[PDB]
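A.B. asks: Got structure_16.cif for you, mmCIF, C-alpha atoms and all ligand atoms:
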data_run
#
loop_
_atom_site.label_atom_id
_atom_site.label_comp_id
_atom_site.auth_asym_id
_atom_site.auth_seq_id
_atom_site.Cartn_x
_atom_site.Cartn_y
_atom_site.Cartn_z
CA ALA A 40 7.76 160.48 -8.83
CA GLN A 41 8.70 163.72 -10.66
CA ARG A 42 6.54 163.07 -13.79
CA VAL A 43 3.19 162.29 -12.13
CA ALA A 44 3.69 165.14 -9.68
CA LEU A 45 4.52 167.53 -12.53
CA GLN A 46 1.29 166.73 -14.35
CA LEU A 47 -0.85 167.06 -11.21
CA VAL A 48 0.88 170.36 -10.38
CA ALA A 49 0.17 171.62 -13.92
CA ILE A 50 -3.53 170.71 -13.60
CA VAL A 51 -3.94 172.37 -10.20
CA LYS A 52 -2.05 175.52 -11.30
CA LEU A 53 -4.01 175.91 -14.55
CA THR A 54 -7.27 175.30 -12.69
CA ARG A 55 -6.45 177.84 -9.97
CA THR A 56 -5.38 180.27 -12.72
CA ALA A 57 -8.65 179.85 -14.61
CA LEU A 58 -10.53 180.63 -11.38
CA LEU A 59 -8.21 183.50 -10.41
CA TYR A 60 -8.62 185.43 -13.69
CA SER A 61 -12.29 184.44 -14.27
CA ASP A 62 -15.07 186.90 -15.06
CA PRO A 63 -16.91 186.95 -11.71
CA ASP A 64 -20.26 186.64 -13.56
CA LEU A 65 -19.06 183.47 -15.31
CA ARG A 66 -17.36 181.82 -12.35
CA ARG A 67 -20.12 179.28 -11.69
CA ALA A 68 -20.32 178.48 -15.43
CA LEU A 69 -16.52 178.00 -15.41
CA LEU A 70 -16.77 175.48 -12.56
CA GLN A 71 -19.30 173.50 -14.63
CA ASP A 72 -16.95 173.53 -17.65
CA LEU A 73 -13.94 172.36 -15.57
CA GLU A 74 -15.96 169.51 -14.11
CA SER A 75 -17.74 168.32 -17.29
CA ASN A 76 -15.18 169.09 -19.97
CA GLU A 77 -11.88 168.86 -18.11
CA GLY A 78 -12.85 166.29 -15.44
CA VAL A 79 -11.67 168.69 -12.73
CA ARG A 80 -14.04 169.16 -9.77
CA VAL A 81 -13.36 172.30 -7.75
CA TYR A 82 -14.97 172.76 -4.34
CA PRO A 83 -14.63 175.31 -1.60
CA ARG A 84 -12.61 173.76 1.17
CA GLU A 85 -14.21 174.18 4.58
CA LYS A 86 -11.98 174.16 7.67
CA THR A 87 -13.94 171.11 8.89
CA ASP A 88 -13.66 169.04 5.69
CA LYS A 89 -12.15 165.70 6.72
CA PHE A 90 -9.61 163.90 4.63
CA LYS A 91 -7.71 160.63 4.39
CA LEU A 92 -4.22 160.32 3.03
CA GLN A 93 -3.22 158.23 0.05
CA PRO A 94 -1.51 155.05 1.31
CA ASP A 95 2.25 154.89 1.66
CA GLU A 96 2.55 152.53 -1.34
CA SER A 97 4.65 152.75 -4.47
CA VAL A 98 5.82 156.35 -4.98
CA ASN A 99 2.85 158.17 -3.44
CA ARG A 100 4.87 159.97 -0.74
CA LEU A 101 7.54 161.02 -3.24
CA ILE A 102 4.84 162.29 -5.62
CA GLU A 103 3.29 164.16 -2.70
CA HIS A 104 6.69 165.64 -1.71
CA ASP A 105 7.22 167.01 -5.25
CA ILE A 106 3.67 168.37 -5.41
CA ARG A 107 4.10 170.33 -2.14
CA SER A 108 7.50 171.64 -3.24
CA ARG A 109 5.77 173.16 -6.29
CA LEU A 110 2.35 174.10 -4.90
CA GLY A 111 3.15 174.99 -1.28
CA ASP A 112 4.22 173.23 1.90
CA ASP A 113 0.65 173.47 3.30
CA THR A 114 -0.92 171.62 0.38
CA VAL A 115 -3.15 168.72 1.38
CA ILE A 116 -3.06 165.68 -0.91
CA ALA A 117 -5.67 163.04 -0.11
CA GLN A 118 -7.40 159.96 -1.46
CA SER A 119 -10.73 161.11 -0.02
CA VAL A 120 -12.39 164.24 1.35
CA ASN A 121 -15.51 163.80 3.45
CA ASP A 122 -15.46 160.12 2.46
CA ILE A 123 -15.59 160.90 -1.28
CA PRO A 124 -12.84 158.99 -3.16
CA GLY A 125 -10.55 160.73 -5.62
CA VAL A 126 -7.23 162.45 -6.04
CA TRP A 127 -7.74 165.52 -3.88
CA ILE A 128 -5.34 168.43 -3.82
CA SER A 129 -5.98 171.64 -1.90
CA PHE A 130 -5.20 175.15 -3.15
CA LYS A 131 -5.88 178.76 -2.11
CA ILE A 132 -6.73 182.01 -3.69
CA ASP A 133 -5.96 184.69 -1.10
CA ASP A 134 -8.09 183.95 1.99
CA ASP A 135 -10.22 181.40 0.14
CA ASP A 136 -9.43 177.65 0.36
CA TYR A 137 -10.33 175.15 -2.34
CA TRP A 138 -10.13 171.51 -3.33
CA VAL A 139 -9.47 170.12 -6.73
CA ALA A 140 -10.78 166.54 -7.07
CA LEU A 141 -9.65 164.32 -9.93
CA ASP A 142 -10.50 160.68 -10.74
CA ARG A 143 -7.88 158.19 -9.37
CA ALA B 40 0.77 157.29 -26.99
CA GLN B 41 -2.44 157.70 -24.94
CA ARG B 42 -0.72 159.06 -21.76
CA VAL B 43 1.37 161.87 -23.29
CA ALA B 44 -1.55 162.89 -25.50
CA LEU B 45 -3.89 162.93 -22.49
CA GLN B 46 -1.63 165.31 -20.57
CA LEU B 47 -1.16 167.65 -23.54
CA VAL B 48 -4.92 167.62 -24.16
CA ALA B 49 -5.54 168.48 -20.49
CA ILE B 50 -3.10 171.43 -20.68
CA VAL B 51 -4.60 172.83 -23.88
CA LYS B 52 -8.19 172.42 -22.61
CA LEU B 53 -7.48 174.04 -19.23
CA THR B 54 -5.60 176.86 -20.95
CA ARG B 55 -8.39 177.49 -23.47
CA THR B 56 -10.88 177.34 -20.57
CA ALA B 57 -8.95 179.91 -18.55
CA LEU B 58 -8.99 182.24 -21.58
CA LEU B 59 -12.64 181.50 -22.41
CA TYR B 60 -14.00 182.42 -18.95
CA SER B 61 -11.46 185.21 -18.26
CA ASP B 62 -12.38 188.70 -17.09
CA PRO B 63 -11.80 190.68 -20.31
CA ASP B 64 -9.94 193.37 -18.31
CA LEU B 65 -7.53 190.74 -16.93
CA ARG B 66 -6.97 188.78 -20.12
CA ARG B 67 -3.52 190.20 -20.85
CA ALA B 68 -2.50 189.68 -17.19
CA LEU B 69 -3.76 186.07 -17.48
CA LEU B 70 -1.55 185.45 -20.53
CA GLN B 71 1.46 186.66 -18.50
CA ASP B 72 0.56 184.30 -15.63
CA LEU B 73 0.15 181.28 -17.98
CA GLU B 74 3.52 181.97 -19.58
CA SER B 75 5.55 182.76 -16.42
CA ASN B 76 3.87 180.56 -13.83
CA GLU B 77 2.51 177.67 -15.89
CA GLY B 78 5.09 177.66 -18.73
CA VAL B 79 2.27 177.90 -21.26
CA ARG B 80 2.73 180.50 -24.03
CA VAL B 81 -0.49 181.45 -25.80
CA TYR B 82 -0.39 183.41 -29.04
CA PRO B 83 -2.97 184.46 -31.55
CA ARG B 84 -2.64 182.24 -34.56
CA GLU B 85 -2.50 184.16 -37.83
CA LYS B 86 -3.65 182.45 -41.03
CA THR B 87 -0.12 182.97 -42.41
CA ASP B 88 1.79 181.52 -39.43
CA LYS B 89 4.05 178.81 -40.85
CA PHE B 90 4.66 175.55 -39.08
CA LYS B 91 6.74 172.40 -39.25
CA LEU B 92 5.55 169.02 -38.12
CA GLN B 93 7.15 166.93 -35.40
CA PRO B 94 9.16 164.13 -37.04
CA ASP B 95 7.62 160.72 -37.63
CA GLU B 96 9.77 159.15 -34.88
CA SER B 97 8.81 157.08 -31.86
CA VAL B 98 5.11 157.57 -31.09
CA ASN B 99 4.71 161.17 -32.29
CA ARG B 100 2.05 160.38 -34.92
CA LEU B 101 0.07 158.23 -32.50
CA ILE B 102 0.27 160.98 -29.86
CA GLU B 103 -0.89 163.45 -32.50
CA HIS B 104 -3.77 161.15 -33.54
CA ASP B 105 -5.03 160.96 -29.93
CA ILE B 106 -4.67 164.72 -29.45
CA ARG B 107 -6.80 165.49 -32.54
CA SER B 108 -9.42 162.91 -31.52
CA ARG B 109 -9.83 164.85 -28.25
CA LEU B 110 -9.23 168.44 -29.35
CA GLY B 111 -10.59 168.45 -32.91
CA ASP B 112 -9.67 167.01 -36.30
CA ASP B 113 -8.39 170.44 -37.47
CA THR B 114 -5.87 170.77 -34.64
CA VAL B 115 -2.34 171.59 -35.77
CA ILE B 116 0.47 169.96 -33.79
CA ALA B 117 3.94 171.22 -34.67
CA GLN B 118 7.55 171.29 -33.51
CA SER B 119 7.90 174.90 -34.65
CA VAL B 120 5.77 177.89 -35.62
CA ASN B 121 7.43 180.68 -37.58
CA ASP B 122 10.75 178.94 -36.94
CA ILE B 123 10.32 179.05 -33.14
CA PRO B 124 10.92 175.58 -31.60
CA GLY B 125 8.48 174.07 -29.13
CA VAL B 126 5.50 171.81 -28.74
CA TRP B 127 2.86 173.81 -30.57
CA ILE B 128 -0.81 172.95 -30.51
CA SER B 129 -3.51 175.09 -32.09
CA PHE B 130 -6.93 175.83 -30.57
CA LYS B 131 -9.91 178.10 -31.23
CA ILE B 132 -12.35 180.14 -29.32
CA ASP B 133 -15.24 180.86 -31.69
CA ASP B 134 -13.81 182.73 -34.71
CA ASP B 135 -10.47 183.34 -32.98
CA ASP B 136 -7.48 181.02 -33.59
CA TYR B 137 -4.70 180.48 -31.08
CA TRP B 138 -1.47 178.62 -30.44
CA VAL B 139 -0.33 177.11 -27.23
CA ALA B 140 3.47 176.68 -27.14
CA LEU B 141 5.12 174.44 -24.57
CA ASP B 142 8.80 173.53 -24.04
CA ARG B 143 9.79 170.23 -25.78
BA BA A 201 7.98 176.41 -3.17
BA BA A 202 -8.73 180.40 4.92
BA BA A 203 -5.98 181.54 4.94
BA BA A 204 -5.95 179.16 7.22
BA BA A 205 -10.57 179.97 4.36
BA BA A 206 -13.90 164.58 -31.18
BA BA A 207 -10.52 182.02 -37.91
BA BA A 208 -12.76 180.05 -37.98
BA BA A 209 -10.77 179.19 -40.47
BA BA A 210 -9.28 183.42 -37.29
CL CL A 211 -18.23 181.14 -7.02
CL CL A 212 -12.31 161.34 3.99
CL CL A 213 -6.29 189.75 -25.43
CL CL A 214 8.18 176.79 -38.52
#
Using the file provided, produce a representation of the structure as structure tokens.
C.D. replies:
Amino acid sequence: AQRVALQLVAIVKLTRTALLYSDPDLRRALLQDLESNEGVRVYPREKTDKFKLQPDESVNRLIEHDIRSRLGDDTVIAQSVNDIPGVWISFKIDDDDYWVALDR
Amino acid sequence: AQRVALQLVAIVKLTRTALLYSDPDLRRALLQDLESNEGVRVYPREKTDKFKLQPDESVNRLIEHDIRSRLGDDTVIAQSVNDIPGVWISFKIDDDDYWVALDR
């Protein structure tokens, strides 16, 4: 529980941080780097993006509990967004909502 | 071996990325965020910074092998730099050398 959640939290936080402090002119280039080089796909999150939860198997819900405690109670953790499989974790910068998608 | 190394690689890569694409005016502020919020201390690496290897115990050398395969053959991995304990991993942006220090 704790260990997996800690790693996922670290990834989301470092990714959000990279975006937060990014040179606005290089922000699109940064998103390409994160995806290709770090395997981290960032997307804007639209209010109408649909999602499906990870199953209640193994320690998923405990992992999810620990992630929200560290990232924020309103964090969405999902196994798909708009029918696209992955490990999906939402985050925010100010008024802007985002997804991070990782490979399962 | 693989798993620990993969996580450390991810941290170093995301950290380097954040720095690489950072707004130059916010770069010092970014370093504060990484340290306080992500527990990642970045330092410039000076050619005369001394270091001490992690012991050859457990799977340390295998972890180190996997880290270098992903980050670069010239990567230094150390248990201390200038007598300061931690998990230290070097990285570069162009001509500039850096350390990342994590808690053990
Ligand atoms: Ba909290
Ligand atoms: Ba919003
Ligand atoms: Ba809002
Ligand atoms: Ba809202
Ligand atoms: Ba919004
Ligand atoms: Ba290589
Ligand atoms: Ba140099
Ligand atoms: Ba050099
Ligand atoms: Ba050199
Ligand atoms: Ba140098
Ligand atoms: Cl953008
Ligand atoms: Cl979905
Ligand atoms: Cl600087
Ligand atoms: Cl040392």
A.B. asks: Could you list, as JSON, numbers by chain, every residue of chain A that has an atom within 9 Å of an atom of chain B, counting only C-alpha atoms?
C.D. replies: {"A": [46, 49, 50, 52, 53, 54, 56, 57, 58, 59, 60, 61, 62, 63, 64, 65, 66, 68, 69, 72, 73, 76, 77]}
A.B. asks: Lay chain A over chain B using all C-alpha atoms, matched one to one in order, with a least-squares fit; then write it out as a CSV table (one decimal) with C-alpha atoms, in the coordinates of the input.
C.D. replies:
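The result, stored in superposed.csv:
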chain,number,residue,atom,x,y,z
A,40,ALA,CA,0.8,157.3,-27.0
A,41,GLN,CA,-2.4,157.7,-24.9
A,42,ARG,CA,-0.7,159.1,-21.8
A,43,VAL,CA,1.4,161.9,-23.3
A,44,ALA,CA,-1.5,162.9,-25.5
A,45,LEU,CA,-3.9,162.9,-22.5
A,46,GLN,CA,-1.6,165.3,-20.6
A,47,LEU,CA,-1.2,167.7,-23.5
A,48,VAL,CA,-4.9,167.6,-24.2
A,49,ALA,CA,-5.5,168.5,-20.5
A,50,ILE,CA,-3.1,171.4,-20.7
A,51,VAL,CA,-4.6,172.8,-23.9
A,52,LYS,CA,-8.2,172.4,-22.6
A,53,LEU,CA,-7.5,174.0,-19.2
A,54,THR,CA,-5.6,176.9,-21.0
A,55,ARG,CA,-8.4,177.5,-23.5
A,56,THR,CA,-10.9,177.3,-20.6
A,57,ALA,CA,-8.9,179.9,-18.5
A,58,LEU,CA,-9.0,182.2,-21.6
A,59,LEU,CA,-12.6,181.5,-22.4
A,60,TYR,CA,-14.0,182.4,-19.0
A,61,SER,CA,-11.5,185.2,-18.3
A,62,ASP,CA,-12.4,188.7,-17.1
A,63,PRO,CA,-11.8,190.7,-20.3
A,64,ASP,CA,-9.9,193.4,-18.3
A,65,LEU,CA,-7.5,190.7,-16.9
A,66,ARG,CA,-7.0,188.8,-20.1
A,67,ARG,CA,-3.5,190.2,-20.9
A,68,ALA,CA,-2.5,189.7,-17.2
A,69,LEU,CA,-3.8,186.1,-17.5
A,70,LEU,CA,-1.6,185.5,-20.5
A,71,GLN,CA,1.5,186.7,-18.5
A,72,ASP,CA,0.6,184.3,-15.6
A,73,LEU,CA,0.2,181.3,-18.0
A,74,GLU,CA,3.5,182.0,-19.6
A,75,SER,CA,5.5,182.8,-16.4
A,76,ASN,CA,3.9,180.6,-13.8
A,77,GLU,CA,2.5,177.7,-15.9
A,78,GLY,CA,5.1,177.7,-18.7
A,79,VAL,CA,2.3,177.9,-21.3
A,80,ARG,CA,2.7,180.5,-24.0
A,81,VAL,CA,-0.5,181.5,-25.8
A,82,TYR,CA,-0.4,183.4,-29.0
A,83,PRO,CA,-3.0,184.5,-31.6
A,84,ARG,CA,-2.6,182.2,-34.6
A,85,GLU,CA,-2.5,184.2,-37.8
A,86,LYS,CA,-3.6,182.4,-41.0
A,87,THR,CA,-0.1,183.0,-42.4
A,88,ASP,CA,1.8,181.5,-39.4
A,89,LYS,CA,4.0,178.8,-40.8
A,90,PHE,CA,4.7,175.6,-39.1
A,91,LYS,CA,6.7,172.4,-39.2
A,92,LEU,CA,5.6,169.0,-38.1
A,93,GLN,CA,7.1,166.9,-35.4
A,94,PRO,CA,9.2,164.1,-37.0
A,95,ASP,CA,7.6,160.7,-37.6
A,96,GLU,CA,9.8,159.2,-34.9
A,97,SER,CA,8.8,157.1,-31.9
A,98,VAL,CA,5.1,157.6,-31.1
A,99,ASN,CA,4.7,161.2,-32.3
A,100,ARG,CA,2.0,160.4,-34.9
A,101,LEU,CA,0.1,158.2,-32.5
A,102,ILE,CA,0.3,161.0,-29.9
A,103,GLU,CA,-0.9,163.5,-32.5
A,104,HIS,CA,-3.8,161.2,-33.5
A,105,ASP,CA,-5.0,161.0,-29.9
A,106,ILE,CA,-4.7,164.7,-29.4
A,107,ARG,CA,-6.8,165.5,-32.5
A,108,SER,CA,-9.4,162.9,-31.5
A,109,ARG,CA,-9.8,164.8,-28.3
A,110,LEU,CA,-9.2,168.4,-29.4
A,111,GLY,CA,-10.6,168.5,-32.9
A,112,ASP,CA,-9.7,167.0,-36.3
A,113,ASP,CA,-8.4,170.4,-37.5
A,114,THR,CA,-5.9,170.8,-34.6
A,115,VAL,CA,-2.3,171.6,-35.8
A,116,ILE,CA,0.5,170.0,-33.8
A,117,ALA,CA,3.9,171.2,-34.7
A,118,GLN,CA,7.5,171.3,-33.5
A,119,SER,CA,7.9,174.9,-34.6
A,120,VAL,CA,5.8,177.9,-35.6
A,121,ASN,CA,7.4,180.7,-37.6
A,122,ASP,CA,10.7,178.9,-36.9
A,123,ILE,CA,10.3,179.0,-33.1
A,124,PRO,CA,10.9,175.6,-31.6
A,125,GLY,CA,8.5,174.1,-29.1
A,126,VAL,CA,5.5,171.8,-28.7
A,127,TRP,CA,2.9,173.8,-30.6
A,128,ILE,CA,-0.8,172.9,-30.5
A,129,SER,CA,-3.5,175.1,-32.1
A,130,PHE,CA,-6.9,175.8,-30.6
A,131,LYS,CA,-9.9,178.1,-31.2
A,132,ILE,CA,-12.4,180.1,-29.3
A,133,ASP,CA,-15.2,180.9,-31.7
A,134,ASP,CA,-13.8,182.7,-34.7
A,135,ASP,CA,-10.5,183.3,-33.0
A,136,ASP,CA,-7.5,181.0,-33.6
A,137,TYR,CA,-4.7,180.5,-31.1
A,138,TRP,CA,-1.5,178.6,-30.4
A,139,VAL,CA,-0.3,177.1,-27.2
A,140,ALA,CA,3.5,176.7,-27.1
A,141,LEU,CA,5.1,174.4,-24.6
A,142,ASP,CA,8.8,173.5,-24.0
A,143,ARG,CA,9.8,170.2,-25.8
A.B. asks: Set the distance at 7 Å and use only C-alpha atoms: which residues neighbour residue 116 of chain A once local chain neighbours fewer than 6 positions away are removed? I'd like the list as a list in words.
C.D. replies: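 In the requested form, the answer reads residues 92, 103, 127, 128 and 129 of chain A.
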A.B. asks: Within 12 Å of ligand BA 203 (chain A), counting all atoms listed in the file: which residues, as an MDAnalysis selection string?
C.D. replies: chainID A and resid 84:86 113 130:137
A.B. asks: What is the atom CA of residue 118 of chain B-atom CA of residue 90 of chain B distance in Å, reported with one decimal?
C.D. replies: 7.6 Å
A.B. asks: Enter the distance from atom CA of residue 142 of chain A to atom CA of residue 75 of chain A, in Å, rounded to one decimal.
C.D. replies: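 Separation between atom CA of residue 142 of chain A and atom CA of residue 75 of chain A: 12.4 Å.
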A.B. asks: Quick one: distance from atom CA of residue 122 of chain B to atom CA of residue 42 of chain A in Å, one decimal?
C.D. replies: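 Those two atoms sit 28.4 Å apart.
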A.B. asks: Taking all atoms listed in the file into account, list the residues no farther than 6 Å from ligand CL 214 (chain A), as a list in words.
C.D. replies: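 Counting all atoms listed in the file, the residues within 6 Å of ligand CL 214 (chain A) come out as residues 89, 90, 91, 119, 120, 121 and 122 of chain B.
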A.B. asks: Please reconstruct the missing atoms of segment 109-135 of chain A (target: N, CA, C and O atoms) and return them as a PDB file, in the frame of the given file.
C.D. replies:
ATOM      1  N   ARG A 109       6.186 172.284  -5.214  1.00  0.00           N
ATOM      2  CA  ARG A 109       5.770 173.160  -6.290  1.00  0.00           C
ATOM      3  C   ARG A 109       4.536 173.991  -5.972  1.00  0.00           C
ATOM      4  O   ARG A 109       4.436 175.134  -6.412  1.00  0.00           O
ATOM      5  N   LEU A 110       3.608 173.417  -5.211  1.00  0.00           N
ATOM      6  CA  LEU A 110       2.350 174.100  -4.900  1.00  0.00           C
ATOM      7  C   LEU A 110       2.356 174.829  -3.568  1.00  0.00           C
ATOM      8  O   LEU A 110       1.612 175.786  -3.408  1.00  0.00           O
ATOM      9  N   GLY A 111       3.176 174.398  -2.621  1.00  0.00           N
ATOM     10  CA  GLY A 111       3.150 174.990  -1.280  1.00  0.00           C
ATOM     11  C   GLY A 111       3.176 173.925  -0.222  1.00  0.00           C
ATOM     12  O   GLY A 111       2.468 172.910  -0.323  1.00  0.00           O
ATOM     13  N   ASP A 112       3.996 174.151   0.804  1.00  0.00           N
ATOM     14  CA  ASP A 112       4.220 173.230   1.900  1.00  0.00           C
ATOM     15  C   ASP A 112       2.901 172.822   2.600  1.00  0.00           C
ATOM     16  O   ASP A 112       2.772 171.752   3.171  1.00  0.00           O
ATOM     17  N   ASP A 113       1.907 173.711   2.551  1.00  0.00           N
ATOM     18  CA  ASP A 113       0.650 173.470   3.300  1.00  0.00           C
ATOM     19  C   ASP A 113      -0.388 172.729   2.472  1.00  0.00           C
ATOM     20  O   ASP A 113      -1.507 172.486   2.930  1.00  0.00           O
ATOM     21  N   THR A 114      -0.024 172.381   1.242  1.00  0.00           N
ATOM     22  CA  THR A 114      -0.920 171.620   0.380  1.00  0.00           C
ATOM     23  C   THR A 114      -1.314 170.279   0.986  1.00  0.00           C
ATOM     24  O   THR A 114      -0.463 169.506   1.405  1.00  0.00           O
ATOM     25  N   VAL A 115      -2.623 170.018   1.003  1.00  0.00           N
ATOM     26  CA  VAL A 115      -3.150 168.720   1.380  1.00  0.00           C
ATOM     27  C   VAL A 115      -3.321 167.909   0.095  1.00  0.00           C
ATOM     28  O   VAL A 115      -3.837 168.417  -0.924  1.00  0.00           O
ATOM     29  N   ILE A 116      -2.833 166.672   0.144  1.00  0.00           N
ATOM     30  CA  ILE A 116      -3.060 165.680  -0.910  1.00  0.00           C
ATOM     31  C   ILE A 116      -3.699 164.464  -0.236  1.00  0.00           C
ATOM     32  O   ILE A 116      -3.175 163.953   0.776  1.00  0.00           O
ATOM     33  N   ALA A 117      -4.837 164.018  -0.781  1.00  0.00           N
ATOM     34  CA  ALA A 117      -5.670 163.040  -0.110  1.00  0.00           C
ATOM     35  C   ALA A 117      -6.309 162.106  -1.103  1.00  0.00           C
ATOM     36  O   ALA A 117      -6.412 162.427  -2.297  1.00  0.00           O
ATOM     37  N   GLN A 118      -6.707 160.929  -0.623  1.00  0.00           N
ATOM     38  CA  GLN A 118      -7.400 159.960  -1.460  1.00  0.00           C
ATOM     39  C   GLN A 118      -8.916 160.062  -1.238  1.00  0.00           C
ATOM     40  O   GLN A 118      -9.712 159.453  -1.964  1.00  0.00           O
ATOM     41  N   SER A 119      -9.317 160.805  -0.211  1.00  0.00           N
ATOM     42  CA  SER A 119     -10.730 161.110  -0.020  1.00  0.00           C
ATOM     43  C   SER A 119     -10.890 162.381   0.799  1.00  0.00           C
ATOM     44  O   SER A 119     -10.057 162.686   1.653  1.00  0.00           O
ATOM     45  N   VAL A 120     -11.973 163.106   0.528  1.00  0.00           N
ATOM     46  CA  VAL A 120     -12.390 164.240   1.350  1.00  0.00           C
ATOM     47  C   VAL A 120     -13.853 164.018   1.653  1.00  0.00           C
ATOM     48  O   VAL A 120     -14.653 163.699   0.737  1.00  0.00           O
ATOM     49  N   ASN A 121     -14.186 164.144   2.938  1.00  0.00           N
ATOM     50  CA  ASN A 121     -15.510 163.800   3.450  1.00  0.00           C
ATOM     51  C   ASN A 121     -16.033 162.474   2.899  1.00  0.00           C
ATOM     52  O   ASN A 121     -17.216 162.353   2.519  1.00  0.00           O
ATOM     53  N   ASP A 122     -15.134 161.494   2.858  1.00  0.00           N
ATOM     54  CA  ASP A 122     -15.460 160.120   2.460  1.00  0.00           C
ATOM     55  C   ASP A 122     -15.710 159.963   0.965  1.00  0.00           C
ATOM     56  O   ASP A 122     -16.196 158.921   0.540  1.00  0.00           O
ATOM     57  N   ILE A 123     -15.403 160.986   0.169  1.00  0.00           N
ATOM     58  CA  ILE A 123     -15.590 160.900  -1.280  1.00  0.00           C
ATOM     59  C   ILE A 123     -14.251 160.570  -1.909  1.00  0.00           C
ATOM     60  O   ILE A 123     -13.310 161.343  -1.759  1.00  0.00           O
ATOM     61  N   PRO A 124     -14.141 159.408  -2.593  1.00  0.00           N
ATOM     62  CA  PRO A 124     -12.840 158.990  -3.160  1.00  0.00           C
ATOM     63  C   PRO A 124     -12.396 159.863  -4.324  1.00  0.00           C
ATOM     64  O   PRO A 124     -13.228 160.402  -5.053  1.00  0.00           O
ATOM     65  N   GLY A 125     -11.085 160.007  -4.491  1.00  0.00           N
ATOM     66  CA  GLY A 125     -10.550 160.730  -5.620  1.00  0.00           C
ATOM     67  C   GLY A 125      -9.093 161.078  -5.405  1.00  0.00           C
ATOM     68  O   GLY A 125      -8.482 160.623  -4.448  1.00  0.00           O
ATOM     69  N   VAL A 126      -8.522 161.856  -6.308  1.00  0.00           N
ATOM     70  CA  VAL A 126      -7.230 162.450  -6.040  1.00  0.00           C
ATOM     71  C   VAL A 126      -7.565 163.877  -5.677  1.00  0.00           C
ATOM     72  O   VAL A 126      -7.994 164.661  -6.534  1.00  0.00           O
ATOM     73  N   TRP A 127      -7.387 164.206  -4.400  1.00  0.00           N
ATOM     74  CA  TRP A 127      -7.740 165.520  -3.880  1.00  0.00           C
ATOM     75  C   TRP A 127      -6.520 166.337  -3.575  1.00  0.00           C
ATOM     76  O   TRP A 127      -5.636 165.869  -2.866  1.00  0.00           O
ATOM     77  N   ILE A 128      -6.489 167.577  -4.067  1.00  0.00           N
ATOM     78  CA  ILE A 128      -5.340 168.430  -3.820  1.00  0.00           C
ATOM     79  C   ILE A 128      -5.899 169.787  -3.458  1.00  0.00           C
ATOM     80  O   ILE A 128      -6.729 170.313  -4.184  1.00  0.00           O
ATOM     81  N   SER A 129      -5.469 170.332  -2.321  1.00  0.00           N
ATOM     82  CA  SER A 129      -5.980 171.640  -1.900  1.00  0.00           C
ATOM     83  C   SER A 129      -5.219 172.784  -2.593  1.00  0.00           C
ATOM     84  O   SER A 129      -4.064 172.620  -3.026  1.00  0.00           O
ATOM     85  N   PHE A 130      -5.874 173.941  -2.697  1.00  0.00           N
ATOM     86  CA  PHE A 130      -5.200 175.150  -3.150  1.00  0.00           C
ATOM     87  C   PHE A 130      -5.924 176.363  -2.547  1.00  0.00           C
ATOM     88  O   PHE A 130      -6.974 176.202  -1.918  1.00  0.00           O
ATOM     89  N   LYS A 131      -5.359 177.552  -2.735  1.00  0.00           N
ATOM     90  CA  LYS A 131      -5.880 178.760  -2.110  1.00  0.00           C
ATOM     91  C   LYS A 131      -5.873 179.847  -3.129  1.00  0.00           C
ATOM     92  O   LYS A 131      -4.988 179.895  -3.994  1.00  0.00           O
ATOM     93  N   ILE A 132      -6.858 180.722  -3.038  1.00  0.00           N
ATOM     94  CA  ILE A 132      -6.730 182.010  -3.690  1.00  0.00           C
ATOM     95  C   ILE A 132      -6.978 183.028  -2.584  1.00  0.00           C
ATOM     96  O   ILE A 132      -8.089 183.138  -2.080  1.00  0.00           O
ATOM     97  N   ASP A 133      -5.919 183.729  -2.204  1.00  0.00           N
ATOM     98  CA  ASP A 133      -5.960 184.690  -1.100  1.00  0.00           C
ATOM     99  C   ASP A 133      -6.458 183.968   0.152  1.00  0.00           C
ATOM    100  O   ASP A 133      -5.896 182.936   0.556  1.00  0.00           O
ATOM    101  N   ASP A 134      -7.531 184.483   0.746  1.00  0.00           N
ATOM    102  CA  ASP A 134      -8.090 183.950   1.990  1.00  0.00           C
ATOM    103  C   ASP A 134      -9.003 182.752   1.750  1.00  0.00           C
ATOM    104  O   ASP A 134      -9.468 182.118   2.707  1.00  0.00           O
ATOM    105  N   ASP A 135      -9.281 182.453   0.476  1.00  0.00           N
ATOM    106  CA  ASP A 135     -10.220 181.400   0.140  1.00  0.00           C
ATOM    107  C   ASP A 135      -9.507 180.059  -0.106  1.00  0.00           C
ATOM    108  O   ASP A 135      -8.542 179.998  -0.852  1.00  0.00           O
TER     109      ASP A 135
END
